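See below for the structure under consideration.
Every number in this text was worked out from the coordinates using simple rules, so none of it is lab data. Please note: Cβ atoms are built from the backbone with ideal geometry, for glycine as well, and neighbour counts cover all protein chains shown.
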Amino acid sequence: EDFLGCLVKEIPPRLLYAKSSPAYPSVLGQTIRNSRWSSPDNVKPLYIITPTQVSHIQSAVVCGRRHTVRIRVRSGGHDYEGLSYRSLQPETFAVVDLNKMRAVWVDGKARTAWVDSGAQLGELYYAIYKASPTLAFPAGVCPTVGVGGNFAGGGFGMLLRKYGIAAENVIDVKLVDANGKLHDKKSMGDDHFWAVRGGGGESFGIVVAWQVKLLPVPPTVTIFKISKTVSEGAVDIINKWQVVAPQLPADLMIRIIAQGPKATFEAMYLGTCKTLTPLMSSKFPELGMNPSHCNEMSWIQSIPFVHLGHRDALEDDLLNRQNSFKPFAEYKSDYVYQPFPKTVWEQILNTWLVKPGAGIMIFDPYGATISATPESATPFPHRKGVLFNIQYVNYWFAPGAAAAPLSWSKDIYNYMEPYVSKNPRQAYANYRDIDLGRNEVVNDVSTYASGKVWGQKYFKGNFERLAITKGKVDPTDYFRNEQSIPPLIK
Ligand SMILES: *Cc1cc2c(nc3c(=O)[nH]c(=O)nc-3n2C[C@H](O)[C@H](O)[C@H](O)COP(=O)(O)OP(=O)(O)OC[C@H]2O[C@@H](n3cnc4c(N)ncnc43)[C@H](O)[C@@H]2O)c(*)c1C
Ligand code: NA
Ligand code: NA
């Protein structure tokens with residue numbers, strides 16, 4: 001009652017939604033990307049606030065502190081467990097939803113931009129393009145992902161070998177802390193500014209906007225997508241790829257998608273067919289690439305082409321707030337430091353990817369720039385020595401069809417354990433997986449011991465510094481969820 005009362009004093013009421021409000025279901029559902037989490041059995045927010053100004057965010061936080069109602073912040077809503085808009089167990093929370101704060105201001109000459117957290121990646125990329133055809137930013141591949149969560153958790157895509165992760169190309173932020181105070185880099189200090197750029201969403205406050213450096217790309221890039229069935233020698237080719245791809249020049253990224261006994265090699269090359277063809281011949285002739293495979297286009301055109309296979313619909317693919325694709329979905333991830341034996345590739349392609357409920361596996365090679373940053377330089381620790389990341393993706397489309405996919409996801413994670421990283425078994429924070437572990441709350445504070453179980457998997461040796469920073473900026477654990485950094489205080 002009095003939390004809502006506090007909000008109405010400071011924030012335009014058209015931006016406030018209670019469960020009884022007629023628009024509440026629409027506002028709640030607008031950026032839910034996973035049908036597992038939209039159904040009525042999920043725990044719902046007591047209130048939703050859709051700020052349009054930074055002062056609205058500050059007022060919401062001050063009200064939540066005064067009346068002890070916690071806030072989950074949502075930008076693009078892609079959280080794999082939905083923790084930006086649901087809780088796992090019954091509890092009271094408000095959602096602060098940033099979708100209306102979506103400005104992108106590009107300074108093409110300075111090669112910098114200010115980007116609101118509620119902007120989607122496609123909108124960031126398109127705004128950069130409206131300014132220059134030869135500037136880029138290295139974040140995710142999916143245009144509807146929100147800037148807020150993508151940058152907070154790291155963020156990587158087809159430029160990761162050239163330029164590393166999104167978070168290490170951030171040069172300032174505008175942030176509201178757990179006391180409602182407005183911060184930038186200078187007022188936050190080294191620890192807090194280090195933590196917020198890759199240490200995971202929610203934990204370190206609400207980032208309102210990010211200042212980024214914009215990076216050069218040539219006017220023409222080249223994409224290919226070359227598939228090999230097991231009959232065409234997929235196992236021998238991918239067994240070579242895992243050693244070669246992490247060692248290729250920074251200008252060339254070759255990722256793999258597999259969903260059966262067949263591997264599709266997708267390359268982004270910062271250059272032309274003319275130079276790519278000989279490079280492939282010299283370094284990876286086993287793939288059988290030739291000039292007919294090349295698709296030359298601008299960097300901006302490469303974003304819908306890689307993600308959707310589209311060449312012809314730039315605005316529609318990058319400026320898209322319809323929220324049409326809502327699979328039921330499960331996700332896991334791994335990091336690989338040692339080459340798989342050929343027999344493991346045999347098993348993955350011929351056996352694991354031909355089971356009931358089998359999903360899709362995506363393999364991103366590291367090396368080059370992402371691996372040159374020291375492990376502790378940012379909170380993202382998956383750097384030197386990483387050959388490739390694996391994402392295990394399961395989609396299904398009817399409510400009662402979950403059992404086989406969920407079982408496959410668990411079974412293949414168990415199968416892969418001996419061949420992937422261990423002690424800890426590393427995972428990417430933005431591929432959130434609650435089965436890696438969740439927090440325990442004691443005296444209303446997330447415990448350090450419970451955070452450490454999953455926290456070492458996402459952040460390896462950076463977890464303790466994250467928790468000590470959390471203790472300094474949010475000792476009462478105001479901004480939290482079931483898998484957020486717990487405070488470690490003296
Ligand atoms: C759905 C989806 C996700 C993808 C896709 N492809 C990716 C890619 O190519 N590269 C990646 O690095 N990641 C990819 N992912 C995963 C996404 O990066 C993550 O799912 C992001 O965390 C999603 O961010 P966003 O869309 O903003 O999701 P939310 O659910 O709103 O938030 C996630 C998380 O972060 C907190 N949070 C949100 N907003 C803020 C701000 N402004 N400040 C601090 N913290 C924030 C939330 O509370 C929540 O905890 C491809 C697809 C299709
Ligand atoms: Na290890
Ligand atoms: Na999950």
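Assorted remarks:
- Of all DSSP beta bridges in the chain, antiparallel share, percent nearest 5: 90
- Isolated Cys residues of the chain, judged by Cβ distance under 4.7 Å to other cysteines: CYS142
- Among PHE193, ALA250, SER35 the positive-end extreme of the charge dipole of the chain (Cβ point charges): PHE193
- Segment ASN350-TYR337, length gained on full extension (0.36 nm per residue, minus Cα span): 2.4 nm
- Placing +1 on the Cβ of every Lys and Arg and -1 on the Cβ of every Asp and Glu, with no other charges, gives the stretch 364-490 a dipole of roughly 400 debye about its Cα centre.
- Helix 234-244 and the longest principal axis of the C-alpha atoms of the chain enclose an angle of approximately 70°.
- Helix 299-308 vs. the chain, principal-axis angle (Cα, 0 to 90°, nearest 10): 90
- Listed peptides 303-314, 8-19 appear in the order 303-314, 8-19 once ranked by packing, highest mean of other Cβ atoms within 10 Å at the front.
- Cα shape, the chain, gyration tensor, a/c 1.5 rule: prolate
- Candidate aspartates and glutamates for bridging to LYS262, where Cα separation is under 16 Å - those fewer than 8 sequence places away on the same chain excluded: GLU232, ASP236, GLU286, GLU346
- Selection from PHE284, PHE397, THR343 lying farthest towards where the dipole of the chain points positive, charges on Cβ: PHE284
- Calculated mean residue ellipticity at 222 nm for the chain: -8500 deg cm²/dmol, from DSSP H runs with n ≥ 4 weighted as -39500 (n - 2.57), summed, divided by the residue count and rounded to 500.
- DSSP beta bridges fully contained in the stretch 1-101 are about 25 percent antiparallel.
- Extension gain, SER35 back to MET297 (0.36 nm per residue minus Cα-Cα distance, nm): 90.8 nm
- Take 388-399, 408-419, 113-124 and order them by the average number of nearby Cβ atoms within 10 Å per residue, most first; the result is 113-124, 388-399, 408-419.
- Overall form of the stretch 1-101 per C-alpha gyration tensor (a/c, 1.5; a/b vs b/c): prolate
- Options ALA329, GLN426, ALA263, ranked by Cα towards positive dipole end of the chain, top entry (Cβ charges): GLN426
- Given charges at beta-carbon only (K, R positive; D, E negative), |dipole| of the chain in Debye: 420
- For the pair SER21 and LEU46, the difference between a 0.36 nm per residue extended length and the Cα-Cα distance amounts to 7.9 nm.
- Estimated dipole of the stretch 15-83 in Debye, rounded to 20 [Cβ of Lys and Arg +1, of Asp and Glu -1, Cα centre]: 180
- Cα gyration tensor shape of the stretch 318-450, rounded if a/c is under 1.5, else prolate or oblate by comparing a/b with b/c: rounded
- The phi torsions of the stretch 467-477, fed into the Karplus equation with coefficients 6.51, -1.76 and 1.60 and a -60° offset, translate into couplings of 5, 5, 4, 4, x, 6, 9, 7, x, 8, 6 Hz, rounded to whole numbers, with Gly and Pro shown as x.
- The calculated FRET efficiency for the pair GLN322 and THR112, based on their C-beta separation and a Förster distance of 35 Å, comes to about 0.70.
- Listed pairs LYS240/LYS460; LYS410/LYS457; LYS130/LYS181; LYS19/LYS100 exceeding 22 Å between Cα atoms: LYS240/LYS460; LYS130/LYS181
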